[PDB]
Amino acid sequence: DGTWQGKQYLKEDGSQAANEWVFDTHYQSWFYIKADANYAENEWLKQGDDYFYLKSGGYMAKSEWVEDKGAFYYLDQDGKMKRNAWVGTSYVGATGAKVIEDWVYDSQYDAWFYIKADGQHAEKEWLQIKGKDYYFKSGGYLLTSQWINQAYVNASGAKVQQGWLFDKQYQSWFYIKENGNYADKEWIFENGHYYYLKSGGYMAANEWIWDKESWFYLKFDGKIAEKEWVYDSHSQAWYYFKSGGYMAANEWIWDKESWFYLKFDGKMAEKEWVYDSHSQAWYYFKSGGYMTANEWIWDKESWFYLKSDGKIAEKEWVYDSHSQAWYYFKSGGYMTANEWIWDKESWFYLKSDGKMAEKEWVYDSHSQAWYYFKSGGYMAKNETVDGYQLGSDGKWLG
């Protein structure tokens, strides 16, 4: 072909070569003869948008790296420099410089990679990049919008930390803890409200939860129920929950304007009697749970009176202004009727409807006699009324 003459290259025709590539077969290499008829060495050449590098001796660098003032560049088989391409496990940017410690998006793979301190791309490992945690699978691809063991990586590949996320395929809410794993059997406070995450992390919604000593109920949106009533259509009963969400059970509660009482199991007492154990008295609740107080109730063959404060009237007298008469209640609240009783110092008779005899003549069929009672129900015994004598025992003598 041609003949080397020092730095010069005389071609077949004598004319020394310049501004041209020549392939010499002895050296088995490409060389570039500059414009000054010398071969290029230890320098870059720009031809088109292509960059070549010619090593000591003029040999064109091909399939190898070339360090330019700290930065590293790769020259392919044709001697050309590479751009936005993978050289094995490393990456060259649009300037052809080796990327080290930075993010990389490759449109060919439609994925993200991170190049590490060693110039290699991360693979099958967790890395903490400027605070956040990212995961790369086999091949270096960055994982996005999915679950890894107990963590979730958002659409950006970052691990979620201290956040709420909704899985549409599971149809449940999860809270991701500060540590990166989801909450598991614990209470979480979010914007003024408490939520309970269940054994799988699934947020508890419309269900009962037992913590340490009492019951909690979680509503439609998973919020703890507190300071309110909830009707259990399964259990067919009303429950109440207080300041902390604690269901109240074996204790009393004021709501609307009525006292209420909640039984051992948190069921509101309704249409029934209850016996307080620290008050040692009986109480009765209407249909709807409302404490009856100062009003009559008819249970089984007996009338009862519950006074201004709701306690049962028993071994005591009561005036009832609505019916305008006096009544007496025995041991147990049993209102007395068609009976005598000894109180004060005189006798008292209570009519069939329970009303005490007050200012009237009454025929006791029992003793077959006519008795009279003065204002206040006091039987008359040794005196005259309307010219009618009365004996030592109260009977009419005549």
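Note that residue numbering begins at 1 and tracks the sequence as displayed.
Mean CA B-factor, 156-164 versus 309-317: the higher value falls on 309-317. Look at the C-alpha B-factors of 141-149 and of 169-177. On average they run higher in 141-149. Considering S214, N206, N191, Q120 together, the PDB entry gives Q120 the largest C-alpha B factor. In the deposited coordinates, the residue among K55, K351, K46, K69 with the greatest CA B-factor is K69.
In this PDB entry, the Cα temperature factor of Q28 sits in the bottom third of its chain's modelled residues, the lowest group. Among all modelled residues in this chain, the alpha-carbon of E101 has a temperature factor (C-alpha) in the highest third. In the PDB entry, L197 places in the lowest third of its chain by CA B-factor. The entry lists a Cα temperature factor for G391 that places it in the highest third of the chain's modelled residues. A18 sits in the middle third of its chain by CA B factor, as recorded in the PDB entry.
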